Structures are given as C-alpha cells and as structure tokens.
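By convention here, the first residue in the shown sequence is residue 1.
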Amino acid sequence: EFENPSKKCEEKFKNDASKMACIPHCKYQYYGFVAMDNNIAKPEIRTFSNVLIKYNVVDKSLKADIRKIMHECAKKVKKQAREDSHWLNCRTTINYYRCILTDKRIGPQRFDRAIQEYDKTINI
C-alpha cells in the first residue's frame with residue numbers, strides 16, 4: 001500500500017506534540033528538498049528548483065537565480081540552527097521555507113500549490 005508523503009508523514013506524527021513542525025520536515029525529506037541528515041546541498045537544490053520551475057512558480061529563465069538564493073538560504077539556515085538546543089527538532093525545513101519565501105519573486109500561494117501537486121505524484 002503506497003501513500004503520498006503528506007499522508008505518510010501525518011500518520012508518523014499523529015501522536016506527537018511537535019507534529020506542526022515535523023510533518024512539513026518529514027515531507028520535504030521525502031520530496032528530496034532536505035537530506036535525511038538535514039543537510040541542504042547541490043542535489044537537494046537541484047531537485048527543489050526543478051519542481052518549482054516545472055510548476056511555473058517562477059519563470060524557467062530564473063533557474064540560476066533561484067538556485068543561488070537556495071544556496072544562500074541553506075547557509076543561513078545552517079547558521080541559524082547552530083546554537084539550537086539538542087531537543088529542537090524539524091527546524092531545518094521551517095527555516096529553509098521561510099528563507100526561500102523572503103525572495104521577493106516567489107508567491108507563497110503558488111509555491112504551496114506546486115508542492116501540494118508534486119506531493120500527489122509521489123507514491124511511497
């Protein structure tokens with residue numbers, strides 16, 4: 001029985017008081033936008049930018065710019081979380097998501113719709 005990452009992650013964290021943070025983080029890991037070890041590097045950025053372009057969140061001509069801001073955000077997210085307490089979990093995706101959406105060009109509504117549609121194509 002195969003499910004979309006959204007459903008799989010909701011089930012995993014159904015009895016977890018941290019679920020509002022860990023459900024999105026679980027999903028981004030299944031999408032390949034964040035590595036299973038919480039790192040964000042070239043492979044994850046190539047995947048995430050490819051999804052955003054395919055769903056026309058930004059024009060295809062901006063693919064180099066979006067990869068550059070994703071690399072900027074991966075660095076800033078690492079530096080933000082360095083002093084994080086041991087028990088603060090699932091923040092990588094939260095901080096990465098917020099950072100990407102500080103780019104003036106990316107509309108949060110289109111961005112969310114693209115990832116929701118991408119979610120439906122993954123059966124795991």
Report task. Report the distance from atom OH of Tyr118 to atom OG1 of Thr47, rounding to the nearest 0.5 Å. Result -> 6.5 Å
Report task. Please examine the side chains of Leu62 and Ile66, heavy atoms only from C-beta on, and report whether any two atoms are closer than 4.5 Å. Result -> no
Query - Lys63 to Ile53 - nearest heavy-atom pair and separation - result: CB-CG1, 4.2 Å
Query raised in the report: With distance as the sole test, does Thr102 use its side chain to make a donor-acceptor pair with the main-chain N or O of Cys99 at under 3.5 Å?
Result: yes
**Report entry** Whether over 12 other heavy atoms sit under 6.0 Å from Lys120 NZ
**Finding:** yes
**Report entry** Side chains of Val51 and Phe33 in contact at under 4.5 Å (non-hydrogen atoms)
**Finding:** yes
Query raised in the report: Sub-3.5 Å donor-acceptor pair from the side chain of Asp119 to the main-chain atoms of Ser6, do we have one?
Result: yes
Query raised in the report: With respect to the side-chain SG atoms, do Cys26 and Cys9 come within less than 2.5 Å?
Result: yes
Requested in this report: Side-chain contact test, heavy atoms from C-beta onward, threshold under 4.5 Å: evaluate it for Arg91 versus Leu88 and give yes or no.
Outcome: yes
Requested in this report: Begin with the C-alpha distance, continue with both residues' side-chain angles, and end with the deciding distance and a verdict on side chain to side chain donor-acceptor pair (under 3.5 Å) for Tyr96 and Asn38.
Outcome: CA-CA 11 Å; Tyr96 189 45; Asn38 298 335; over 6 Å; no
**Report entry** Side chains of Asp16 and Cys22 in contact at under 4.5 Å (non-hydrogen atoms)
**Finding:** no
Requested in this report: Without swapping roles, check the side chain of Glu11 against the backbone of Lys8 for a donor-acceptor pair under 3.5 Å.
Outcome: no
Query - ILVMFWY cluster, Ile23 and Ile115 together (side-chain gap under 4.5 Å) - result: no
Query raised in the report: How many angstroms lie between atom NZ of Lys27 and atom CG of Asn4, to the nearest 0.5 angstrom?
Result: 10.0 Å
Requested in this report: Flag the pair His25 / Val34 as yes when at least one side-chain heavy-atom distance between them is below 4.5 Å, and no otherwise.
Outcome: yes
Report task. Taking the side chain as every heavy atom from C-beta outward, state whether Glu3 and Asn123 have any atom pair closer than 4.5 Å. Result -> no
**Report entry** Nearest non-hydrogen partners of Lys19 and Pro24, listed with the distance
**Finding:** O-CD, 4.1 Å
Report summary line: So CE of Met70 and CZ of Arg67: to nearest 0.5 Å the spacing works out to 9.0 Å
Report task. May I ask whether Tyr30 and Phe13 are part of the same hydrophobic cluster, defined by side-chain heavy atoms of I, L, V, M, F, W, Y residues being less than 4.5 angstrom apart, directly or through others? Result -> no
Query raised in the report: With under 30° as parallel and over 60° as perpendicular, where do the rings of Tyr28 and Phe48 fit, or are they tilted in between?
Result: perpendicular
Query raised in the report: Hey, quick one: are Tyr31 and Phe111 part of the same hydrophobic cluster, counting side-chain heavy atoms closer than 4.5 Å, chains of contacts allowed?
Result: yes
Query raised in the report: Between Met20 and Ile94, is there a shared hydrophobic cluster once you connect ILVMFWY residues whose side-chain heavy atoms come closer than 4.5 Å?
Result: no
Query raised in the report: Under 3.5 Å, side chain of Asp37 to main-chain N/O of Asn39, donor-acceptor pair present?
Result: yes
Query - Pairs involving residues 74-84, ordered by first then second residue, that meet side chain to side chain donor-acceptor pair (under 3.5 Å) (sequence neighbours left out) - result: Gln80-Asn95
Query - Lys/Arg-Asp/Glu bridge criterion (N-O < 4.0 Å) met for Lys7, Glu10 - result: no
Query raised in the report: Does a side chain donor of either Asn50 or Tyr55 reach within less than 3.5 Å of an acceptor in the other side chain?
Result: no
Query raised in the report: Could you state the interatomic distance from OG (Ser49) to NE2 (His71), rounded to the nearest 0.5 Å?
Result: 8.5 Å
Report summary line: Correct closest heavy-atom pair for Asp103 and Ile69 would be OD2-CG2, 3.5 Å
**Report entry** Ion pair check, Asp65 and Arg105, cut-off under 4.0 Å
**Finding:** yes
Query raised in the report: Donor-acceptor pair, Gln29 side chain versus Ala35 backbone, under 3.5 Å?
Result: yes
